[PDB]
């Protein structure tokens, strides 16, 4: 999408994985989808360093809407859970230096069953702009035809443009195409700032593995489509939640950097461990994800329950991720000729290698003919940065 937005992958927070569609504010008040949840989350995004790290978009997902539109056919926030309204929430968010994302559906209803935007694309776009929305995640439930799907996605893209407000446009279009036909990613990129490709993430290592395995299996088809203005979206970061070991969290952070993924945390910033926070706020890894060249990485090698991924960065640098997929035993040794990394460019004539994950260690100068040896924890990843150099 050529709207001047998402020149690097969007960074923020999105409620869906951690909070889902909890409407029971009487018995689960700290988990329910309410304006107080988002206000507190914005406060912590400021005070706990998240905005400084680059997480800027505070995003509402499904289940914010009143069950029906108003008399003038406009969407309404829930009067009990969002009594002060989206525009006041947006003013509060903007006053913290943050941006506000919201959710709508291309079809007749949201996936949870709330008012869809079909037949109201222009109304809803102008409504969001009037409220001060800075991002829209557009879901694809309740759409009777792929023709209506594509028409609605393109139509909403155009309507958002017509508002004249800069609104990041996040689409689930490809994922809702897959059962019927393969997506044309050139068209999707024409209309969307990023697009969900695969099934919803959940709080499990199984989910991480399946997202990685489908990305790598399909990388011929999606890697080159991504770039400044339009990104592949492998779904939310779930670091800080319950189902990932420390090494599996390292793997998700490292590989979302490799994949040039949007970094949308879905966690509770009121209850997050220091380790998870330091991982999510890791400035070197964020800098890899946010690299200005904006070329998505890929799986370079796979075998013996190992994976090697790499990502080209600005200035002849490369990021290299080694994953140990053996889920038994201890750290396993992996050796590779540095000439095989970075298309043979990264270390020609030499490279300086810095390990960033799981811990930051300068490894030293590696000549083009040398070999790199590492040990990788079960289900963990070693993330390296290679900097091309003529020095020793």
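Rigid core (definition): largest C-alpha set, two forms, superposition within 1.5 Å. Residue numbers count along the first chain shown, from 1.
Superposing each structure in 7 other deposited structures of this protein on the rigid core shows that the farther-lying of 26-34 and 41-49, by root-mean-square Cα distance, is 26-34. For the pair 211-219 and 83-91, the record assigns the higher mean C-alpha temperature factor to 83-91.
Comparing 30-38 with 60-68, the stretch with the higher mean C-alpha B-factor in the PDB entry is 60-68. Of the candidates 256, 306, 178, 309, it is 178 whose Cα B-factor is highest according to the PDB record. Per the PDB entry, 107 shows the highest C-alpha temperature factor of the residues 107, 240, 243, 230. In this PDB entry, the Cα temperature factor of residue 99 sits in the middle third of its chain's modelled residues. Residue-level temperature factors show residue 263 in the lowest third of its chain, judged at the C-alpha atom. Per the PDB record, residue ranking by Cα B-factor puts residue 172 in the middle third of the chain. Ranked within its chain, residue 73 lands in the highest third, by CA B factor from the PDB record.
The PDB entry assigns residue 301 a C-alpha temperature factor belonging to the middle third of its chain's modelled residues.
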